[PDB]
Amino acid sequence: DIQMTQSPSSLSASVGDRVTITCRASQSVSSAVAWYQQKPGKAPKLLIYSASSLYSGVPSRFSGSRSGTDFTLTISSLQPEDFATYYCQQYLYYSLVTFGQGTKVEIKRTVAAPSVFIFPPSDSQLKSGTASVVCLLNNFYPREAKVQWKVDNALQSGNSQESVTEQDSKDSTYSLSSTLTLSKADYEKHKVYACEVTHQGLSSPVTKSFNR
Amino acid sequence: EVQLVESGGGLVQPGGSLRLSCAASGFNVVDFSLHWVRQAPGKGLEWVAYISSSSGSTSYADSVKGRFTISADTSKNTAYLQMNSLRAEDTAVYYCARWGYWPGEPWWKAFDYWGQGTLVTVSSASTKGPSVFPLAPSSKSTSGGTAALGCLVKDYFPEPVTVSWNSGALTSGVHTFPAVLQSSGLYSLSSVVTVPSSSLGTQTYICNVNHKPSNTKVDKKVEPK
Amino acid sequence: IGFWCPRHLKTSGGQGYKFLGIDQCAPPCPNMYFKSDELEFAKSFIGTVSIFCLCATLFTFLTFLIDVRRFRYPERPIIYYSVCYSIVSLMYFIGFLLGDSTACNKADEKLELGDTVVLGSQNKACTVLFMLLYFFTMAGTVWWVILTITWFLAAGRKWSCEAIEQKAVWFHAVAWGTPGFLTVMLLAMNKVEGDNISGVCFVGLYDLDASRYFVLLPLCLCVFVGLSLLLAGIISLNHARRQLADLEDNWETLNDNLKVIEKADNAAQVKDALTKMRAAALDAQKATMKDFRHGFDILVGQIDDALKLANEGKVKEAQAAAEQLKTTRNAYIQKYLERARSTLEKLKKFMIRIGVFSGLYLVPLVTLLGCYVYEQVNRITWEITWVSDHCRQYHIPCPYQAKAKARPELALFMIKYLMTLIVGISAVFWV
Amino acid sequence: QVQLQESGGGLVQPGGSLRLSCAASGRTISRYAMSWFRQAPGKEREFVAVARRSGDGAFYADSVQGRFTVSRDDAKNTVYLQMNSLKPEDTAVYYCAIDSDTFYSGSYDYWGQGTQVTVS
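Top to bottom, those sequences are chains A, B, C and D. For reference, each letter of the first sequence is one residue, going 1 to 212 in my numbering. For reference, each letter of the second sequence is one residue, going 1001 to 1225 in my numbering. For reference, each letter of the third sequence is one residue, going 2001 to 2431 in my numbering. For reference, each letter of the fourth sequence is one residue, going 3001 to 3120 in my numbering.
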């Protein structure tokens, strides 16, 4: 019932920069909010309690603020270990626990244009009755990148599934893969399959196609 | 040192039952309130239930009210939380948390110590081995420079599976995408490499995929077209 | 050549400050800046002003003595402020009555006129007029500073009446001692001078060093510390007032949430009202002797019990548990609320009174300080046009560089003498 | 029905500094984003910088990091590009585009004209 809104759902700061996270409550909850840190694959760890107090064990770079109904977690010094998802929790009663959407903190770097490759389905797939075509990106930093599947200028929807990796340890890059699945008789329609990718680092969409 | 451990995670049928146990070593269950926080894969944390062993103060979330149940005892120093009529949206990881009692600092401290967490999954289909299909790059697809090679494994269950190139001989430029759920309830995984030129090193690449529940060791051979 | 003093107007007596630089020069008993008729008008003007300022300051001195008590120590420095300006108003009355008898001596007849202003403390009946005017003027300023100290102590540090009263010996040591330390310095290097507009001796009239360091500087220092403590007091009470305001808002939402529960039904809105009351109780407890927050702890514990019994589907029992909060609410926290409604009673009664008293004392003083800095920036020019305008009758002094014309305005000096007395009638609005 | 105008440019000496502006008209700016582009002879349509809506993100390319700073003024509906260390090899027409996608995918529809920059 007490909805919590966390607008900056993805922050991007370089090592040594300033990170601020803002949390807003629907009701005028008292100074009882909690800030957590969850590394990928591990349990969350408490950072700030009572909306201003600092937990024992965590470094002193974390700060907790409250001015009215607004709550702010600020990390002035960004160490390489402070790369995790931070969650906002109000706690007024035991049964009124509501978490925020959470903010992802990722390494800021330069913008790289993705490289687009398309692979035709294998000969073993047509013998199984299901044909699958894949179009993948490679080495692009801003995660926001969309693809569309065009079969002779036909805008498909609902038959494409996307998967994106976590940030690479070496060059801080993502990689997106889009899978389109068709049946045997459906794969025989038209002559070409094309995937176009639109990105902020790409001035114009890049189209890769193959004939059938 | 006080710790919280969870047990009972695994694979269950939709609409079935499952029991989860959170054992608290050190502090007793009567001096603290044990909560349960659920995190869907790729989503945020959400609150499920809590128990207070002092008097009995069970409560649940609105989405699970009248469907879940929770219990705790002091003799074994653990908390039990049962499943009734599990739906597909309940597949997540469940964390066991500790919250103090009013008044004073223990209440003002939120969930301080969290458990490891056990992953639960609904099993609408039986386990089956992966089917691996190769991704041969085109002959004109960047001939002479960097090229992308990969192999596709599809229709496998359950989640944990691994992929190795030449029994782990390849490390540079290897990307393994996260697994995704298809419309049939099965998993599909993509793993690709970037081998520049030389006709992919003019040697036959292999994807050794290992699926322990299906005890399969199918090794696919990929060749350029 | 340089500067010169004529053979006429020669002292040969109790040397003091050197007029216009040269030794043994001195000013005349006729001031000769506003000569002839209007000098005597200023004599009657001072006597006219001194009557009204005597009738508004000595009138208070006999008025505070009717009660003596019942004006606490955060009312006290004004009774000694008006006593200090009771003397100051009366010395200007002494100057009007005497005229030009002991404000300057006619000396002997060895020279032409012999009428010259006394300088230094070599002659009696003038250093006394310096002792009681300057010491009780600097005291009157620092007692106002003490009043701003007491206001800041009683509104910023939340000190009680008796805690400040314990420091009464310390305040009297400074307020009678700091002007007392200065009034014994001036006697050491005899920088006391005479006067002709009002026949009372004072310091800094005919010098640029005495007025700037020992008159202009201490009032400006006392004003600066006075406004600093007054501005610190007004901002500390403004913030106190905000705590009482939002605590009263929390009490109001507690009260009307209890009202809306006590006349409603169903198990839906009772949880929503209990949520708001729990938030309000936590806010009021953290707003913030230990018994009050203990009562808040019991209050929010009963809110927790009501929430526990309301989440189980019970309405009438939850209603009884909700109405049970009054018994622990009236006897624990409401007494402190009435205490804050009896001691914060209201400092606006003092805030208005200090605001009016400082308001009607500062703007005459700033105007008085405005003429002091107007005197300081032009006295050198004023002396050099005086010696050039009257270079005909005497033996001609400094024909070189005698090109300056800036006649002083008479509408500025009687304002300075006015604002020196209007500062003392600001205590009649307190009583 | 939305037009975009840009300012700045002209013949500038090597090592100089410029402040290029990009102002739109007929459409709000508080929700959209803009991208600085670059068209040069030989290699065409490269990317420079992005300022999202409120300074929540400033993203630069491999060649323009550090020396390019973007400031945003939503009240005037204009962003500014800061030139620094002007290497005269950058004889290119700087370009500004509007981000027509609310999820920052980079859907770039309205084009405008752009401003040319010639160095030495």
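Where is the CB? At the ideal position from N, CA and C, for every residue including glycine.
- Message: I want to verify the contact list: residues of chain C whose CB lies under 9 Å from the CB of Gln89(A), in sequence order.
- Response: Chain C residues near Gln89(A): none, gap ~15 Å exceeds 9 Å.
- Item | Residues bridged to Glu196(A) (per DSSP) | Beta-bridge pairing links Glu196(A) to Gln148(A) and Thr207(A).
- Item | Buried or exposed by the 16-neighbour rule on C-beta atoms within 10 Å, applied to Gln3001(D) | exposed
- Which residues, in order along the stretch 3049-3075 of chain D, keep a beta-carbon less than 8 Å from a beta-carbon of chain A? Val3050, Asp3056, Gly3057, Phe3059, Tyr3060, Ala3061, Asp3062 and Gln3065
- Task: Output, in chain order, the set of chain A residues within a Cβ distance shorter than 7 Å of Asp1112(B).
- Result: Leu46
- Query: With a cut-off of 9 Å, does the C-beta of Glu162(A) fall near any C-beta of chain B?
  - Reply: yes
- Query: Going by DSSP, which residues form a beta bridge with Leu1045(B)?
  - Reply: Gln1039(B)
- Message: Need the endpoints of the beta strand (DSSP E) that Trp3036(D) sits in, please.
- Response: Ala3033 to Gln3039
- Name, in chain order, the residues that DSSP records as bridge partners for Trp1165(B). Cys1207(B)
- Query: Touching or not, the stretch 40-56 of chain A and the stretch 20-28 of chain A, by the rule of three or more beta carbon pairs under 8 Å?
  - Reply: no
- Message: Is it buried or exposed, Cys2161(C), if we count other Cβ atoms within 10 angstroms and call 16 or more buried?
- Response: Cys2161(C) should be labelled exposed.
- Message: Please tell me whether residue 242(A) has its Cβ less than 9 Å away from any Cβ of chain C.
- Response: As shown, chain A starts at 1 and ends at 212. That puts residue 242(A) outside it, with no answer to give.
- Item | Same chain, Cβ closer than 8 Å to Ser1138(B), five either side skipped, listed in chain order | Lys1225
- Consider the Cβ of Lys2290(C): report whether some Cβ of chain B lies at a distance smaller than 9 Å. no
- Which bits of chain B does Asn2311(C) rub up against, with CB to CB less than 7 Å? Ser1059
- Task: Starting from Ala1097(B), trace the beta strand (DSSP E) both ways and give me its first and last residue.
- Result: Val1093 to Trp1099
- Message: Taking the straight line between their C-alpha atoms, what separation do you get for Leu54(A) and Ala2331(C)?
- Response: Looking at the two C-alpha atoms, the distance is approximately 35 Å.
- Query: Looking only at C-alpha atoms, which of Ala2340(C), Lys2035(C) and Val2300(C) sits nearest to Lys2326(C)?
  - Reply: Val2300(C)
- Task: Using a Cβ-Cβ cut-off of less than 9 Å, give me the residues of the stretch 3094-3117 of chain D that come near chain A, in sequence order.
- Result: Sequence-ordered contacts of the stretch 3094-3117 of chain D with chain A read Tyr3095, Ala3097, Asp3099, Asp3101, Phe3103, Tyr3104, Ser3105, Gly3106, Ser3107 and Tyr3108 [C-beta pairs closer than 9 Å].
- Query: What is the rounded straight-line gap between the Cα of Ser1141(B) and the Cα of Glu106(A)?
  - Reply: About 33 Å.
- Query: Can you list, in chain order, the residues of the stretch 1093-1105 of chain B whose Cβ is nearer than 8 Å to any Cβ on chain C?
  - Reply: Contact annotation: in the stretch 1093-1105 of chain B, residues whose CB is within less than 8 Å of a CB in chain C are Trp1102 and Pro1103.
- Report back the beta-carbon spacing between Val2118(C) and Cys2104(C) to the nearest angstrom; my notes put them in contact at under 8 Å. 5 Å
- Tell me whether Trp1114(B) sits in a helix, a strand or coil according to DSSP, three-state version. strand
- Looking at the C-beta of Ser77(A), does it have a partner C-beta in chain C at a distance below 9 Å? no
- Message: Mapping the DSSP letters down to three states, classify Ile2384(C) as helix, strand or coil.
- Response: helix
- Message: Let me check understanding here. Comparing Cα to Cα, which of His199(A), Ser163(A) and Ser172(A) lies closest to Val15(A)?
- Response: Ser172(A)
- Where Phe2041(C) falls: helix, strand or coil (DSSP): helix
- Message: Runs of 4 residues minimum, wholly inside the stretch 2167-2251 of chain C: which ones carry the alpha helix (DSSP H) assignment?
- Response: Here the runs fully enclosed are 2168-2175, 2178-2185 and 2217-2238.
- Query: Which class does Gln101(A) belong to by DSSP, given the choice of helix, strand or coil?
  - Reply: coil
- State the Cα-Cα distance for the pair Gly1185(B) and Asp1155(B), rounded to the nearest angstrom. 9 Å
- Can you name the residues that DSSP bridges to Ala3058(D)? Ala3051(D)
- If you run the structure through DSSP and keep just helix, strand and coil, what is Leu155(A)? Three-state result, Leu155(A): strand.
- Task: Whole angstroms is fine: what's the gap from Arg3072(D)'s alpha carbon to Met3083(D)'s?
- Result: Taking the straight line joining both Cα atoms gives about 15 Å.
- Task: Mind listing the chain A neighbours of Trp1036(B)? Cutoff is C-beta to C-beta under 8 Å, in chain order.
- Result: Correct list: empty, because the minimum Cβ distance to chain A is about 10 Å.
- Task: Closer than 7 Å by beta-carbon distance: list the chain D residues that pair up with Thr110(A), in chain order.
- Result: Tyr3060, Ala3061, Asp3062 and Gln3065
- Under the three-state reduction of DSSP, which class applies to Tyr2361(C): helix, strand or coil? helix
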